[PDB]
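Notes follow once the structure below has been shown.
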Amino acid sequence: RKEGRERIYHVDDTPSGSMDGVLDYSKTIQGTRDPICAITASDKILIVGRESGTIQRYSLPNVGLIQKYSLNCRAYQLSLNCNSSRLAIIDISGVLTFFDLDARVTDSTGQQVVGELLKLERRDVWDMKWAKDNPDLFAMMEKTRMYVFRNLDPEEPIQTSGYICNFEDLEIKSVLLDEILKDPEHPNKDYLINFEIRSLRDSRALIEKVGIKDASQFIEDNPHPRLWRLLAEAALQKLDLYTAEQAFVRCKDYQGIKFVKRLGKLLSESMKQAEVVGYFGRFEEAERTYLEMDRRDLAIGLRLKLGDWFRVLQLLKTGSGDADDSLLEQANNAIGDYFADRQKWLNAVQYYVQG
Amino acid sequence: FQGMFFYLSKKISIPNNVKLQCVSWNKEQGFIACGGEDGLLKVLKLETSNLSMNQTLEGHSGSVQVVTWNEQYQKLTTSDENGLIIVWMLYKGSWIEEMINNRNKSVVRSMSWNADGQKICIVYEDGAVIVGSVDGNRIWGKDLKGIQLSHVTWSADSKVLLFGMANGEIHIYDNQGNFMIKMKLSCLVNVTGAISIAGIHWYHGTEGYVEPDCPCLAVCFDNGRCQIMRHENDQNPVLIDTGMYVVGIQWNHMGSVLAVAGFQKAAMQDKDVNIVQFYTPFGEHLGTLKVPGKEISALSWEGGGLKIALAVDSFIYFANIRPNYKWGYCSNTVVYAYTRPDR
Amino acid sequence: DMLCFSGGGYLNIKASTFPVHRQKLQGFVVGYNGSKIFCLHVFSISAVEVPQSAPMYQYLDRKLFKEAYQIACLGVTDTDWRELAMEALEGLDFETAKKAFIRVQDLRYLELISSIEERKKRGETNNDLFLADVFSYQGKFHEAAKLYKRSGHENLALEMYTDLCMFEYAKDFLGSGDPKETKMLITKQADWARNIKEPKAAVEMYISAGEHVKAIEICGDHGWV
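Chains as they are written, first to last, in the deposited numbering: chain A, 472 to 826; chain B, -2 to 45, 59 to 353; chain C, 566 to 790.
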C-alpha cells in the first residue's frame, strides 16, 4: 500500500522506527550546530555523517535510530559493504579508513574501543566501490591507479583514468567520463573499459598455460561461479564437451548442460563448429559457416530464429534453389508486421501486398 | 569538503630560478604562456614535465606583467613594465612577432580581449585607455584623468566595460568609454584602511551557466573579501570572506567552479603558506590545495578544466583535478549530463 | 484503447479501463502521439513523455500478453522486453514470446521456443510438458519436476536431476531413457565423478556400466570399506 512509503526526519531527532507518520516539513527548519555532510544506505541501514565526526546508524526499510558513533574525522564520502557491517569512510583530507560497525579495537593509549576503526589507511582516495555480490571485495582509486582489495589486503594496482562504474562477477567496469564530455554527442565503445580482478586473470592465464584439463584443479581448489562459466566457454570453444558438461554442472546451468548434450549427438565437426559459434552470439560467423557447408537451409533457419526477416528474404532471393512460396509469404508478412508494429503503415503495405 | 578532488600532478622549473609574475593557458589550441622577470616569456605545450614544445620569446625589457590570449584567432598578446606591447602569431610551428607598439609613458596594468575576440581593451596606470581591433588598428582612446585603473573586463555581449580603480573602487562604462556608474562593493562592509582589487573575472556563458540567472561575475580584494554578481549592477551579490591574502581569481572553462589563489598565515608560525581555494558560483567552499614555494604569483585552468596551472616561485605546478560530474550508471546505460551553449 | 487528460493540477494517462497514471502538471493536453503527450504550458508546447513500462505491466497483470506487446512496442527497456518475454513464455504465448525475445535477441529461449513449436508441429499438445521445459531452462527445478511428474513423464524429472547431479532426488525417480545415450551419459558422468572427486557416484556408475576392476581400484584407492 501507498501510505507508509514517505517519511521525514530531523538530524537531531531520535525516531523509534514504528510510525508511518505524515511529512512534518515544519521540523526541517529547526537549526542544528552539527549539520549533515555525507549520507549512504545499503538496503539494510542508513548511515548519516555529521560535521562533528558523529556518525548516526538508522534502520531501513523503516527508520529508527540504532546507535550514534563518534570519530576523529569529518566524512567526505561514506559507503557500505553489501552485508552492511563495514563502512568505508573517506576523510575531508582524502585519507581512507574502514570502520567495522559491529566490532572491537585495541587502542595504543591502553584502551578497548567498540565501533572499530580498522588498521587500514591509504591516501589520495576519491572514488571507491564495494563489490555488489561479495562482502569483502572492494575497489578504490588513488590517481591513475586502482588498488582492488580482498579484506584489508590490496592486489596489484591497475593502470586506469576512468571512474569505477560497476563491480560484480569478478569484473570492474570503468568509464572514461573525461573523454566522453569532450564530444558528448559522439561517444565511442572504448570510453568504457572492463577490468578483471586477479582471481579471474589467474584462472584465464591457467586455462591458456596449464590447459583446459588441469586448470580445473585450481577452480576445484578455489571455486567461484564466474570461473566455472569461463572453463565452460573455453571447453566449448576447444570442443571438450566432457569438461564443458562438468563446468555447466558446477554452476547449475541447465541450458548449458542441454547444449553440450545436443552438440554431443551431432555427426559433423563442421556442424559442431557452426552450432558452437552460435552460442557466444557470433551469428554472422555461424551463418557464413552454414553457407560454406552448403547448408543455406540452416543459414535461413538461424535467421528465422534471430528474427532477421530482411536477411531471410535476402537469402531466399539470392540462393540457387526455388524459394518456398509459404516461406516468402511468411517472410514478407513478418517484415510487414515489423513496420506495422512500429506504426510505419506505408512501409508495412509494401510487404503485406506481396505477402 | 563536498565537491571534486585534486592533487599536484607535475612541475616545470625555470632556468636560473627566474620568478614568474603571470601565466595564462590557451583553450582552442592548449599552449601555456608564462611571463617572468628580466624579460622572460616562454610558451609551453603538454602532451600524452614531458612537454612537447618549449619556446622562449625575446624583445621585452622588464618583467612581463601582462600575458593574454586571443582564442578565436591564433594570437598571443604580451606587455612588460617598460610598456612594449607585442602580438605574436604561431607561424610554421613558431611564435613570431606580428605587430609591435609602445605608448612611451606608463605601465600597462591589464588587458582583455572581448568575448568575440574582435577587439582588445588595454588599460594603463596613469589613466589612458585604448580599444583596438584584431586588425591592430586603434578604434578609440580616452584619458580618465583623476584615478589610476589597475584592472579591466568586458561584459558577455561586449557592450559594457568594467574598469577597476587602484584605490579598491570599480567604475562601469559603455564600450565607447562613457561613464555609466560606480559599482556597489557590498562585500567591503566592516573594513578598515586601503583596499585593492586582487582580481575580476566574468564567465561569458560559452558552455552555458550552472542555472538560469546564476552568478556570472566574480570580484575579489587583497584583504580576502570576494563578491559574485549576476550582472554588472547586481546589488544583492553572493558574499564571501576567504580568510586569506588573495593574489588572483579564475573561473573554470564551464563556469561551474571559481579558483582563488592566495596565501594564509600558517597556524603556528609568522610564515605564510600558499593555497588555492575552490568555490561554487553560489559561494560554497569546494576545497583547499596547498602549494610549496615563496609565493604563488598567478593562476589558470586548462581548456578542458582537468588541470590548473599554478605559477609559484619560478616553478609552474599543475594540479590534476577530477570533476564531480552529474553522472551515474544504471543497467548498462551510462547517464551523463552537461550545460549547453544554446539552452 | 489509451488516452490522456489534464485537470486539477495533474496529467492523467489511462489505458483500456485499467487504473490511471497520475503525475503533477499545469497546462492542457492538446494531443497525444506514440510515447509523447503534447501538453501546452501558458505560452508554449512542452511534449511530456509517457512511462510505457507502467501500462505494459497493467496488461501483464491480466495475462493480456498480445495487448502488452502493443504498449512495449512504442519503446521500453530491455528489462521490460525480457520481463514481457518470459511472462509470455510461461503464459504459453509463444508467438508473443518469440517477438518479445527477438527485441532482446536472446537465442537461448528462441531455441527453446523453436523446440516447442517443433513439437506442437508433429503432434505433441501436453502444455504441462511445455511449461516443465520453460521452468527447466529458467532453473525453476522443483516446479519443473512437479510438472514433469504431473504431465505423466517422471523419467524427465529423473534425467533433469541426474544431469544436474542431485542424487537423493534421483534415487526416488529411478528408470532410464534411450539406453545408448543413457549409457554414454552415465559413462561421461562417472568420469566427471572420478576427475572432480565425487567418486562414489563414479563407482556406482562404473558398476552399472559393467567395469568391476575400475570400481574395485577406485574404492580401494579412496578407502570405501
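A virtual CB, placed ideally from N, CA and C, is assigned to each residue, including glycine.
Check your understanding: Using a C-beta cutoff of 7 Å, does C:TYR713 count as contacting chain A?
Key -> no
Exercise for review: Kindly say whether A:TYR713, judged by its beta-carbon, lies nearer than 7 Å to any beta-carbon of chain C.
Suggested key: yes
Exercise for review: Compare the C-beta of B:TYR4 against all C-beta atoms of chain A and say whether one is closer than 7 Å.
Suggested key: yes
**Study point:** Selected residue, minimal CA-CA separation from B:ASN342, among C:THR644, C:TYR674, C:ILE681, C:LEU750
**Key:** Nearest of C:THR644, C:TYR674, C:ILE681, C:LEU750 to B:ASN342, Cα basis: C:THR644.
Point to revise | Cβ contact check for the stretch 569 to 586 of chain C and the stretch 606 to 626 of chain C: 3 or more pairs under 8 Å | key: yes
Review point. Anyone know if the C-beta pair for B:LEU94 and B:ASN112 falls short of 7 Å?
Key: yes
Check your understanding: Are B:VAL220 and B:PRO291 closer than 7 Å when you measure CB to CB?
Key -> yes
Practice item. To the nearest angstrom, report how far apart C:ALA758 and A:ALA819 are at their CA atoms. Key: If I take the Cα positions, the gap works out to 57 Å.
Review point. Since A:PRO655 meets chain B, which of its residues come closer than 7 Å, beta carbon to beta carbon?
Key: A:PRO655 reaches chain B at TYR346, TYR348, counting residues in chain order whose Cβ is nearer than 7 Å.
Practice item. Please check if any C-beta of chain B sits within less than 7 Å of the C-beta of A:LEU648. Key: yes
Exercise for review: From the DSSP output, in three-state form, read off A:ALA602 for me.
Suggested key: coil
Practice item. With DSSP as the reference, label A:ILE683 as helix, strand or coil. Key: helix
Review point. Can you list, in chain order, the residues of the stretch 717 to 750 of chain C whose Cβ is nearer than 9 Å to any Cβ on chain A?
Key: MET725, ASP728, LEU729, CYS730, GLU746, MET749, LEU750
Review point. Which value, in whole angstroms, describes the spacing of the CA atoms of B:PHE28 and A:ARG782?
Key: 53 Å
Check your understanding: In chain order, what residues of the same chain lie with their CB nearer than 8 Å to the CB of B:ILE191, ignoring the 5 residues before and after it?
Key -> Answer for B:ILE191: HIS181, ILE182, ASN243, listed in chain order.
Check your understanding: Taking C-alpha atoms, which residue in B:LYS7, B:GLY0, B:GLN(-1), B:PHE(-2) lies nearest to B:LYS317?
Key -> Here the closest residue by C-alpha is B:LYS7.
Check your understanding: Given that A:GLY565 touches chain B, what residues does it touch there, using C-beta distances under 9 Å?
Key -> Within 9 Å Cβ-Cβ: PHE2, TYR4.
Point to revise | For B:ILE106, the nearest candidate out of B:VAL139, B:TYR255, B:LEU67 (CA to CA) | key: B:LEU67
Point to revise | Proximal chain A residues relative to C:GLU676, where beta-carbon distance stays under 7 Å | key: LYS776
**Study point:** Proximity test, Cβ basis, 7 Å: A:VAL748 and chain C
**Key:** Residue-level contact check: A:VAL748 does not touch chain C, since none of the beta carbons of chain C fall below 7 Å from its beta carbon.
Check your understanding: Does the count of Cβ pairs from the stretch 692 to 699 of chain A and the stretch 665 to 680 of chain C closer than 8 Å reach three?
Key -> Counting Cβ pairs under 8 Å, fewer than three are found: no touch.
Review point. Apart from the five residues on each side of it in sequence, which residues of its chain come closer than 6 Å, Cβ to Cβ, to C:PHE593?
Key: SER571, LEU605
Exercise for review: Return the first residue and the last residue of the alpha helix (DSSP H) that C:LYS753 is part of.
Suggested key: 744 to 760
Point to revise | Rounded straight-line distance, which links the Cα of A:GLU800 to that of A:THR789 | key: 16 Å
Point to revise | First through last residue of the alpha helix (DSSP H) which encompasses B:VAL15 | key: No alpha helix (DSSP H) contains B:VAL15, which DSSP labels as neither H nor E.
Point to revise | First through last residue of the alpha helix (DSSP H) which encompasses C:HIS777 | key: 777 to 787 is the extent of the alpha helix (DSSP H) around C:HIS777.
Point to revise | Simplified DSSP assignment, three categories, for A:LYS776 | key: helix
Review point. Would DSSP call A:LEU663 helix, strand or coil?
Key: strand
Exercise for review: Note down, in chain order, every chain A residue with its Cβ under 7 Å from the Cβ of C:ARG759.
Suggested key: By Cβ distance, chain A contributes nothing, its closest Cβ being about 11 Å from C:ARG759, past 7 Å.
Exercise for review: Name the two residues that bound the continuous beta strand (DSSP E) containing A:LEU647.
Suggested key: Per DSSP, A:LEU647 belongs to no beta strand (DSSP E) and is neither H nor E.
Exercise for review: Please list the partners that B:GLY314 has in chain E, where partner means a Cβ-to-Cβ separation under 9 Å.
Suggested key: Reference to chain E is not applicable here, since the protein chains of this structure are A, B and C.
Practice item. Compare the beta carbon distance of B:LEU299 and B:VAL283 with 7 Å and say whether it is the shorter of the two. Key: no
Practice item. Could you check which residue in A:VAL584, A:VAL585, A:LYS644, A:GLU587 has the C-alpha nearest to that of A:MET599? Key: The option with the nearest alpha carbon to A:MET599 is A:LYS644.
Check your understanding: Can at least three beta-carbon pairs, one atom from the stretch 227 to 242 of chain B and one from the stretch 303 to 320 of chain B, be found at a separation below 8 Å?
Key -> no
Practice item. Go through the stretch 593 to 638 of chain A residue by residue and report every complete run of the beta strand (DSSP E) that reaches 3 residues or more, in order. Key: Taken in chain order, the unbroken stretches of beta strand (DSSP E) that lie wholly in the stretch 593 to 638 of chain A and span 3 residues or more are 599 to 601, 608 to 611.
Review point. If you measure beta-carbon to beta-carbon, which residues of the stretch 663 to 696 of chain C are closer than 7 Å to chain A?
Key: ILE667, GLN670, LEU672, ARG673, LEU675, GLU676, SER679
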